[PDB]
Structure formats: structure tokens, C-alpha cells
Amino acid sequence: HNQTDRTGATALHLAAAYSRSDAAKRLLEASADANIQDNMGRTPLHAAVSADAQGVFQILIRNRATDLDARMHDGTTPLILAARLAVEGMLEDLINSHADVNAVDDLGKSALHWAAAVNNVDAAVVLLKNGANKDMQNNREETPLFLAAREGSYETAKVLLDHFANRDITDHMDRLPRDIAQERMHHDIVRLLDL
């Protein structure tokens, strides 16, 4: 019931991963724990996001006891995961359900850092519109703009610059976003930063 398999997956994890809406509801009605962590610290909500299981995702976010800010064993939250995976809708649904927009994983990266690293531009816009700290530094003193520049995420770097993200905040080695873009040969980003 709250019994797990070899991967630490409960029945509720499996419903998430397999898109079993009804099984998910019966489990939750029977007081099944919504926040049990599997071997990687994923709760069923992490699993619903990874599986892009829209039905179970909606059931889990509607359930008041679900921890929308639950952390995997590397501090990854459902919001960071949705940002990284670029699944449709879930990112904005979590935000509208009051997930913490500025929570960070264990390396100090927020959902916006990750939207920038993977060039998930729609996620960055939604995050920025809902109070994401555009100039947040992670443990390595990297801002989302720094990561965009490093990864060649032109479209997301442009959204951040249009939101007046601070282009002079350097990383732990004193590198500007312009510097890391130049080192990594992202000439288009260098040009964008020079405008």
C-alpha cells in the first residue's frame, strides 16, 4: 500500500508513471501518503512530471497534502523538473497552485536557472511573470543569464535581457556572461550582449 518496489516506487508512484488517474484517486482517498520518496527521492508528483502524466499530475496538485516543493536527493523540485523537461502546462499549473518560484536545488539553481540552461523560453517567461528572481546566483555565483550564455541559449538570454537581468554579475571566477559565451564560442550571444 505504502509498500515499495525495488526502485522505492509505491503504487502511487506507479499510477503517476503509468497515467492511472483512477488508481491515483482511490489511493489518495484511502489516505495513501502523497509524499513518499523513491530511491532517488522522487515523490509521485516528480514521477507524474517526468512521465508527462497530465491526469495524475492534476489529481496530485489538487490534493492539499501533496508537497508541491518536494525535493529529490539532489534538491530537484517538481517545478525545476518541469522547467528542465519542458513538458507542456505543468510548470504554469504548479506556479498557479503556489509552488515556490524561487526554490533552488542543492547547487543553488532555481527553476529559472534551469529554464535558461535548457533554453526553455516559455518557462522563463512564465517564471519571470510570477516573481522569479532574475538575478539569483547559484552556488557557483552563476545567474540564469550566465547559464544561458554558457549553454548558447539565445532565446532565453534575450528574454532575460528584455527583463533587464544584470549582465555584469560574474561567476565565482569573475567571468561575465559575455566571457563564458566567448570561451564557449557562442558569438551570437556575445553580439546580443553587446547591443
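Heads up: residue numbers just count along the shown sequence, starting at 1.
When the C-alpha B-factors of 166-174 and 129-137 are averaged, 166-174 comes out higher. Higher mean CA B-factor, judged across 32-40 and 149-157 from the recorded values: 32-40. Ranked within its chain, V87 lands in the highest third, by CA B factor from the PDB record. Per the deposited record, the Cα B-factor of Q54 falls in the highest third when ranked against the other modelled residues of its chain.
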